[PDB]
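In: Can you look at this? It's an experimental structure, sequence on top.
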Protein chains: 2
Amino acid sequence: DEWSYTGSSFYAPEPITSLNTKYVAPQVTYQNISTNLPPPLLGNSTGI
Amino acid sequence: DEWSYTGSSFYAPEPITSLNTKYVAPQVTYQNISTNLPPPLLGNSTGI
């Protein structure tokens, strides 16, 4: 259940990053991911 | 003097957040808020 990103006009899966995603409000149709958490969804909890 | 956000085509006040706002250069016609500081304008000053 890994998730990748592809362009709308050509099939070529790529890693999900902040350059191809945008933050949005939650919806009932969205997938709730538990593991492997692509970098944009990584909640930063690395303090001193 | 609370400020809310509404969609351009239907009146329904909502809280101000980073999802419905965008950062811009200051203008002379902007309101200078002192209290209640919606979350986008909250200057983070929480170190250890």
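Out: Cool, got the structure. Numbering: from 1, shown residues only, chains lettered A, B, ... in the order given.

In: Any idea how many residues pack against residue A:16?
Out: With neighbours defined by other CB atoms under 10 Å in any protein chain shown, the count for residue A:16 comes to 18. Every C-beta, even on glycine, is put in place using the N, C-alpha and C of the backbone.

In: Repeat that for the one 5 residues further on.
Out: Applying other CB under 10 Å, we find 13 other residues in the vicinity of residue A:21.

In: and if you look at residue A:9?
Out: A count of nearby residues for residue A:9, using other CB under 10 Å, gives 5.

In: May I have the residues that are in contact with it?
Out: For residue A:9, no contacting residues are found, by CB atoms under 8 Å, 6 or more residues apart in numbering or on different chains.

In: same thing with residue A:39?
Out: Listed by CB under 8 Å, 6+ apart, the contact set of residue A:39 reads A:16-18.

In: was I right about residue A:23 contacting residue B:18?
Out: Yes: with contact defined as CB atoms under 8 Å, residue A:23 counts as touching residue B:18 (7.4 Å).

In: for chain B, what are the nearby residues on chain A?
Out: Taking CB under 8 Å from any CB of the partner chain as the measure of proximity, chain A contacts chain B at A:23-25, A:47-48.

In: what's the nearest residue to residue A:21 if we skip its chain neighbours?
Out: The shortest distance from residue A:21 to any residue that is not its chain neighbour, by CB to CB, 6 or more residues apart in numbering or on different chains, is 5.1 Å, and that residue is residue A:40.
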